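Step one of this worksheet: look at the structure below.
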Amino acid sequence: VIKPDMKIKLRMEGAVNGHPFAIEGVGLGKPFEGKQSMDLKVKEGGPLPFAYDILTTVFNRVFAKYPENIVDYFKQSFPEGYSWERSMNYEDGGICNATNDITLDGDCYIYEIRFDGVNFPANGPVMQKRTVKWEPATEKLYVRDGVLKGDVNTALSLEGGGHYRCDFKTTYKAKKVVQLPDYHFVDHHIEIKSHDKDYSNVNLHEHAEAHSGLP
Amino acid sequence: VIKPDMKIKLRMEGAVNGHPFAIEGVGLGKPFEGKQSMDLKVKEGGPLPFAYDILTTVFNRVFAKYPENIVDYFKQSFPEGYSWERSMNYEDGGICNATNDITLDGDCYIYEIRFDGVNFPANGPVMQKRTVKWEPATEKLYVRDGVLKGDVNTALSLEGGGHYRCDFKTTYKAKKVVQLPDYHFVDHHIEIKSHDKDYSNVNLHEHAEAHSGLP
Amino acid sequence: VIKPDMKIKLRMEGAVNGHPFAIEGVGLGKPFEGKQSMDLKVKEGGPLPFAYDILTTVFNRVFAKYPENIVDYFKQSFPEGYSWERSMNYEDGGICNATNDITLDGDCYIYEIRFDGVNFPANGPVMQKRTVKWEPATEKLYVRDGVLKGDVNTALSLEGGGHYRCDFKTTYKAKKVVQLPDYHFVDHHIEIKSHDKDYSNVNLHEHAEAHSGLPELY
Amino acid sequence: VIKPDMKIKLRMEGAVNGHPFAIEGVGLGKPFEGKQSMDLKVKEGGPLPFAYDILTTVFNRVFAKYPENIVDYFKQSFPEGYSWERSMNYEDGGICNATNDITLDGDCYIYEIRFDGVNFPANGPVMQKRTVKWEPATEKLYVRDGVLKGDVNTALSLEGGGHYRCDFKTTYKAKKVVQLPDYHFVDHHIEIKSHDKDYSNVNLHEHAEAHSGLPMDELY
């Protein structure tokens, strides 16, 4: 179903602090190597008045390298696909709600993303655009009443030396009945390789590998 | 500009757990009585698979009775109007993000509402439709960085006696420079007086009175 | 069982950010009229390096004026008494855990209080003492699994202005089987009347009344 | 100052839901292999009416294997030592506040722990003792206002399935001026190897290793 080589197509519609925007992207990646890359383009609502880094983790766990001992819930879910729902909590009250419906058409993954952020203070690092990079993150994946859950508590490094924490809460629902994995982790590293000035064009890279902890 | 009798026109567009919907309403109210009433109709995405009660607190603090000891920020902001954002944090992980842009057209208040809820468990009271009503609530409205904020922790009474808590975090932004009030309260009471089976037609009643607390 | 006048004697043993301290108190109040006052003296660990305002809300819902229409869980629980636990989460990461065992000895209420605060930043208003007063607060009380719970979301007023928020979560356990009230509220107003300069002696007043939310001249 | 063989002496006294207890322990570590071991004993307030697992993560980041690429804040603090504070937020409202002042006496680490848990429901996995083990954890360490902070988000496994989440927030304060590290991680694993029937005697082990996240297997 899934080759070592797939393509990505996505459109994200949303609003941050009530003001709408839209982004389209095309990208590519390798599911067995856990790596993906994409090019993002702002279509509506640009220039964006908020930090672009609050969107990068919304721009697909099929691009995670899974060992044999860990059940791969996302590669099993195809060709039917899966969707995910997520709440992002920033330590100063900012809230981001995001959804992604992932389907597969041949060799291309298609995303239907919806994003909504509220309560970002105007003097905060997101509205002042004082963010630099997201630190590498560890995700906890576990089953709870028949669904797969994902929790991440990371931080954004602030242009200055500071760190801006965020808590992720994800729910993963496959379109067909698949086997559910056990408690495991997925390590992430997302990186902005290139943009212009107001982020109307963004080159985004991600690297993810699943593991089973220290023991 | 503020009339003893005002009407409301509103359209809400949103999604709960990724599934879109749209609702329109018309109503009227007495801003100096702190009372308002409206008729809401589902236009898209019906029948709703979630409890309708999670939307009623999103369908305007101008309908709050304000005493002269407290600065009335919401009646002061017209005819330019004001907007508010809100995150609703339920105790089982469900998160709802809502925005409202309120303008004034003659004697009619126009709401442009966007709603988005995620991570509502399928076995929880919102998706299982086991909510009865909202309990009466008190909000504290206070200034932080020159903007008005509102905090509520209320609960929904469940079919069987239990209570399902929610915490509100609202940011109120007036369109023009307005006078900021001091730390005060607003008591509220929202009630669904009539509805259809699947809530395609809902009559919603709300009563609010501002005060400055125990002395 | 409860007279129109009751006395208070209390002992607090605790710590903030790991450094111990101690406070004893004597007081008096009117349970039917929701008013109480006490004089607290610091015994150990003074002068206190933290804002005194984080403890005053730990220094009795029996001193809350209850209407006849709402069941009083605390006045009903006597003469055996009740105990309560509380977690306080300030918006800056500061966490306070408090427990209180309330007994009745004649006409005097006796408290056994334990206080522990952690994760208070050295640059914050609690460690640097920039608190002025608690704003008036409302508490919601509801039953959950046979016990009474109390949630309050209040704030502290700051020296230069602004507010410093705190979230309360209280559990009330009566010692005997009493019956549980319905979802109701209690309005609070706590105030430090007089104190010296390191708060080794503090005069504290509180006023509390229960009600049932937003609802005649006769 | 930090030897390949260290001993542990500890006393923890606190209360869960208002009911006091006291625990004594003795142990030994290998501060360079990130492994520690200890045997613990209940002295007051036993038999414990709560799950013992809510205390095990309170029984020393000096027993974490630190590579040279990451600055070691905890090995720098000895022999004068450091202290830490922690709030543990369970997902059903249980809250635990714990503090530990660690000193160094010759070749032995001395702990003075104070623990306080409240709002634990009587029908919950802690008071009903339905916890099995802690899952492996990753902690995030970072500097804020000149001190080192620690964030952990793990779960506890329960009898019959499922997980019971808890969120850790730790503050590390060295007693003397040390060099502050950059954003890094420490992987943890807690396990009770042997215990009694009433958990009056517990043998506890830990293994901790620091790293810097998703980056060595060049095969040479």
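The chains carry the letters A, B, C and D, assigned in the order they are written, with residues numbered from 1 in each.
Here is the rule we use: contacts are C-beta pairs under 8 Å (C-beta built on N, C-alpha and C of every residue); 3 or more make two chains touch, one makes a residue touch a chain.
By chain, UniProt protein names: A, B, C, D = Fluorescent protein Dronpa.
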The distance between the C-alpha centres of subunit B (Fluorescent protein Dronpa) and subunit D (Fluorescent protein Dronpa), rounded to whole Å, is 44
Between subunit A (Fluorescent protein Dronpa) and subunit D (Fluorescent protein Dronpa), the Cα-mean centres are separated in Å by 31
Among subunit B (Fluorescent protein Dronpa) residues, those touching two or more other chains are none
Among line, ring, star, complete and other, the chain touch graph is ring
Every chain pair meeting the touch definition is listed as A-B, A-D, B-C, C-D
In the complex, subunit C (Fluorescent protein Dronpa) touches subunit B (Fluorescent protein Dronpa) at residues 135-138, 140, 142-144, 151, 153-155, 157, 162-163, 165, 183, 185, 187-189, 207-209, 212-214
In the complex, the residues of subunit C (Fluorescent protein Dronpa) that touch subunit D (Fluorescent protein Dronpa) are 15, 17-18, 83, 85-87, 89, 93, 95-99, 101, 114, 116-119, 121-123, 145, 147, 169, 171
